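**Q** Take a look at this one; I'll ask things after.
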Amino acid sequence: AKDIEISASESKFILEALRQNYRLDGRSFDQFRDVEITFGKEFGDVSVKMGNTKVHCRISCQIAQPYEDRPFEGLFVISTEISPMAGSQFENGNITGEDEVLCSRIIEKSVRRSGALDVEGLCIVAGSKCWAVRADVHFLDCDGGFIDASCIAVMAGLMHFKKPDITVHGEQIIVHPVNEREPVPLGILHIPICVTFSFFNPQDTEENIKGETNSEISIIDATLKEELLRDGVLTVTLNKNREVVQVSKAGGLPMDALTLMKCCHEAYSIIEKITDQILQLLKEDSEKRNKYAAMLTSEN
Amino acid sequence: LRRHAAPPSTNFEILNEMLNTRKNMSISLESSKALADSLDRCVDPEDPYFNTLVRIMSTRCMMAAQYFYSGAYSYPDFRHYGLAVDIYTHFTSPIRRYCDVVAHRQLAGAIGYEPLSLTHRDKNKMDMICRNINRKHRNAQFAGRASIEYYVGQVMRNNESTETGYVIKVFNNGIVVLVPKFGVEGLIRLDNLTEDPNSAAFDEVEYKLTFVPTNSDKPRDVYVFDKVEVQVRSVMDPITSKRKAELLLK
Ligand SMILES: [Br-]
Ligand SMILES: [Br-]
């Protein structure tokens with residue numbers, strides 16, 4: 001594929017800066033990027049921005065029939081297809097690459113598998129008709145942190161989305177339009193948030209395997225340049241209920257167990273601030289839509 | 001949480017039938033406020049207890065309130081009819097109610113005092129807790145009312161006294177009168193109600209039972225909601241071994 005050429009000078013500089021408690025963007029080692037959440041006109045339309053990183057998620061649903069195995073559960077899928085828009089490093093439709101499959105699996109284990117969405121409440125008539133919720137993530141601009149950005153984009157979208165109200169007459173489904181009656185929100189059991197840690201070995205492999213004192217550097221939410229020069233990755237997902245949704249350190253630089261535990265506790269402070277942030281932006285968005293609805297009726 | 005279903009029309013159609021026929025009144029059933037206002041004006045001037053009798057009788061045709069978890073129903077189903085509130089739960093009595101214990105743990109997690117246990121965030125585990133405390137709640141009140149029944153039945157064990165009674169049910173096999181003094185309902189069979197059971201007639205349209213008393217010979221029409229004098233007496237049935245209260249009207 002198309003490679004990103006990194007000079008020895010750039011490799012040595014960024015690593016040496018870390019040895020001097022410096023990162024290029026001026027952040028701290030434990031500092032998460034400021035997350036900006038923008039909602040569109042339609043429900044389920046959400047735009048997440050972390051520095052230069054830009055992702056967009058769109059929640060949609062349509063009437064479908066549940067699987068034979070699960071007659072009481074609705075359908076839910078998450079799409080995260082990459083495109084050259086985020087950078088020429090990504091091949092169009094490359095859904096089998098190492099980083100792609102990992103990212104796809106992290107999100108799936110954080111939202112799908114974790115049961116963040118109440119799929120039981122997606123059923124209209126058992127074993128016949130149900131809702132099929134779809135989360136489409138669009139990677140617009142890549143500056144690292146695509147996993148953390150996606151997990152927030154999916155969750156913010158699901159919590160913002162509203163499906164058309166339905167009254168049931170036996171098997172006859174009466175789908176009320178938004179013009180008739182208001183749409184119905186989705187059921188969220190918990191709010192999973194991902195925090196990704198990047199590891200750097202300031203020395204050599206020998207001192208990592210048999211070295212007495214540990215000296216490996218770990219930073220939170222790395223940018224693209226920091227992401228291309230790391231030796232190991234850790235993605236930990238938690239919620240406000242003080243529970244670990246999932247942890248994934250798929251190989252890479254061997255890291256001390258206590259250090260990995262420290263990361264999990266550090267991530268918990270971040271996911272708390274992020275979750276409350278999402279909720280507040282959802283309230284204000286609701287207050288904004290209601291205030292306009294009052295100004296539209298008054299003028300009507 | 002804890003919800004209370006709105007009473008079906010079928011439950012009050014029989015009560016409104018007796019009201020519109022005998023007392024010429026009715027309950028609206030349009031809304032909880034409408035039901036309350038119409039029940040409030042349902043009062044007889046000659047007897048203040050008449051209003052109480054209708055209330056304690058219209059209570060029997062209310063849907064049972066039940067505990068539940070918010071994921072089992074939609075928001076409009078959280079409605080509590082008897083209290084006219086959009087949402088409600090039990091929280092004020094954790095020593096005597098386990099439901100309040102759950103609510104306490106959830107509130108503690110709500111304010112951020114301590115993370116809520118996994119058992120109170122599992123839709124499956126919550127369903128088992130709700131179905132259990134609902135059954136234990138019913139068993140509690142029934143056992144409680146049965147305890148009253150036994151002790152009151154022991155008070156009237158070897159005693160006879162002319163008390164005040166009210167006809168709540170009228171049938172062709174006899175009548176059922178309620179004694180507010182002891183809070184015990186009694187059944188007066190037609191054989192012990194009057195003489196010559198073949199001469200007695202029952203009008204379902206008017207809920208009237210006409211018969212000729214044992215100690216008399218004058219055709220008396222006994223309607224519903226009537227305040228009648230009743231001699232109380234208790235006797236343990238030799239078959240059921242249950243202390244029942246045999247009542248003889250006068
Ligand atoms: Br199922
Ligand atoms: Br950078």
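**Q** Tally up the residues in the stretch A:245-266 that are of a type outside the set (S, T, N, Q) and farther than 27 Å from A:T205 by Cβ, please.
**A** Of the residues in the stretch A:245-266, 2 are of a type outside the set (S, T, N, Q) and farther than 27 Å from A:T205 by Cβ.
**Q** Further question on the same structure: For A:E272, which of the numbered conditions (1) farther than 18 Å from A:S198 by Cβ; (2) more than 16 Å from the chain's Cα centre (by Cα); (3) among the charged types (D, E, K, R) fails to hold?
**A** Among (1) farther than 18 Å from A:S198 by Cβ; (2) more than 16 Å from the chain's Cα centre (by Cα); (3) among the charged types (D, E, K, R), the lone unmet condition for A:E272 is (2).
**Q** Checking A:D34 against (1) within 16 Å of ligand 2 (Cβ to nearest atom); (2) in contact with a strand residue (DSSP E or B) (Cβ under 8 Å, 6 or more places away or on another chain); (3) touching a residue at least 40 places away in the same chain (Cβ under 8 Å), which test does it fail?
**A** (3)
Per-residue answers, yes or no, for (1) exposed (fewer than 12 other Cβ atoms within 10 Å of the Cβ); (2) of a type outside the set (A, V, I, L, M):
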{"position": "B:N215", "(1), (2)": "yes, yes"}
{"position": "B:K218", "(1), (2)": "yes, yes"}
{"position": "B:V232", "(1), (2)": "no, no"}
{"position": "B:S241", "(1), (2)": "yes, yes"}
{"position": "B:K244", "(1), (2)": "no, yes"}
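**Q** Here's a follow-up. What strands (runs of 3 or more DSSP E) lie completely within the stretch A:167-250 and have 3 or more residues being within 14 Å of another protein chain (Cβ to nearest Cβ)?
**A** A:243-248
**Q** Out of A:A86, A:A64, A:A8, A:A116, report the one residue that is within 16 Å of ligand 1 (Cβ to nearest atom) and over 20 Å from A:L234 (Cβ atoms).
**A** Among A:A86, A:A64, A:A8, A:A116, only A:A64 is within 16 Å of ligand 1 (Cβ to nearest atom) and over 20 Å from A:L234 (Cβ atoms).
**Q** Take the residues in the stretch A:215-233 that are away from ligand 2 (no atom under 16 Å from the Cβ) and touching a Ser or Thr at 6+ places or on another chain (Cβ under 7 Å); name whichever of them is nearest to A:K54 (Cα to Cα).
**A** The residue in question is A:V233.
**Q** I'm trying to understand the selection: among the residues of the stretch A:251-272, which are within 14 Å of another protein chain (Cβ to nearest Cβ) and either buried (at least 16 other Cβ atoms within 10 Å of the Cβ) or within 16 Å of ligand 1 (Cβ to nearest atom) (or both)?
**A** A:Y268, A:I271, A:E272
**Q** Give the residue, chosen from A:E207, A:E226, that is in contact (Cβ under 8 Å) with a residue 24 or more places away in the chain and farther than 28 Å from A:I59 by Cβ.
**A** From the options A:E207, A:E226, the qualifying one is A:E226.
**Q** Please list, ordered by first then second residue, the pairs with beta carbon atoms under 8 Å, 6 or more apart or interchain, first in the stretch A:275-300 and without any contact (Cβ under 8 Å) to a residue 40 or more places away in the chain, second assigned to a helix (DSSP H, G or I) and exposed (fewer than 10 other Cβ atoms within 10 Å of the Cβ).
**A** From residues that are without any contact (Cβ under 8 Å) to a residue 40 or more places away in the chain, there are no pairs.
**Q** Within the stretch A:120-129, is there a residue that is away from chain B (no Cβ under 14 Å), buried (at least 21 other Cβ atoms within 10 Å of the Cβ) and touching a residue at least 24 places away in the same chain (Cβ under 8 Å)?
**A** Checked against the condition, which is being away from chain B (no Cβ under 14 Å), buried (at least 21 other Cβ atoms within 10 Å of the Cβ) and touching a residue at least 24 places away in the same chain (Cβ under 8 Å), the stretch A:120-129 yields no hits at all.
**Q** Any residue in the stretch A:62-86 that is charged (D, E, K, R) sitting within a Cβ distance under 8 Å of a residue that is more than 14 Å from ligand 1 (Cβ to nearest atom)? List the pairs, counting only those 6 or more apart or interchain.
**A** Sorted first by the residue in the stretch A:62-86, then by its partner, the pairs are A:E81/A:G93; A:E81/A:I95.
**Q** Also, quick follow-up: Residues that are within 14 Å of chain B (Cβ to nearest Cβ) and either away from ligand 2 (no atom under 16 Å from the Cβ) or touching a helix residue (DSSP H, G or I) at 6+ places or on another chain (Cβ under 9 Å) (or both): does the stretch A:79-87 have at least one?
**A** No, the stretch A:79-87 contains no residue that is within 14 Å of chain B (Cβ to nearest Cβ) and either away from ligand 2 (no atom under 16 Å from the Cβ) or touching a helix residue (DSSP H, G or I) at 6+ places or on another chain (Cβ under 9 Å) (or both).
For (1) touching a residue at least 40 places away in the same chain (Cβ under 8 Å); (2) crowded, with 19+ Cβ neighbours inside 10 Å; (3) away from chain B (no Cβ under 14 Å); (4) within 15 Å of ligand 2 (Cβ to nearest atom), each residue gets a yes or a no:
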{"position": "A:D3", "(1), (2), (3), (4)": "yes, no, yes, no"}
{"position": "A:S11", "(1), (2), (3), (4)": "yes, no, yes, yes"}
{"position": "A:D25", "(1), (2), (3), (4)": "yes, no, yes, yes"}
{"position": "A:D30", "(1), (2), (3), (4)": "yes, no, yes, no"}
{"position": "A:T38", "(1), (2), (3), (4)": "no, no, yes, no"}
{"position": "A:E42", "(1), (2), (3), (4)": "no, no, yes, no"}
{"position": "A:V46", "(1), (2), (3), (4)": "yes, yes, yes, no"}
{"position": "A:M50", "(1), (2), (3), (4)": "yes, yes, yes, yes"}
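**Q** In the stretch B:111-147, how many residues are more than 14 Å from every other protein chain (Cβ to nearest Cβ) and in contact with a helix residue (DSSP H, G or I) (Cβ under 7 Å, 6 or more places away or on another chain)?
**A** Count: 2.
**Q** Okay, next question. Would you please list the contacts, defined by Cβ atoms under 6 Å and residues six or more apart or on different chains, that run from a residue in the stretch B:56-75 that is touching a residue at least 12 places away in the same chain (Cβ under 8 Å) and within 14 Å of chain A (Cβ to nearest Cβ) to a residue that is part of a loop (DSSP other than H, G, I, E, B) and surrounded by 15 or more Cβ atoms within 10 Å (Cβ to Cβ)?
**A** Taking only residues 6 or more apart or on different chains, the pairs are B:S70/B:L1.
Read-outs throughout are calculated quantities, based only on the coordinates presented, and are distinct from any laboratory measurement. Heads up, the Cβs are rebuilt from the backbone with ideal geometry, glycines too, and the neighbour counts pull from every protein chain shown.
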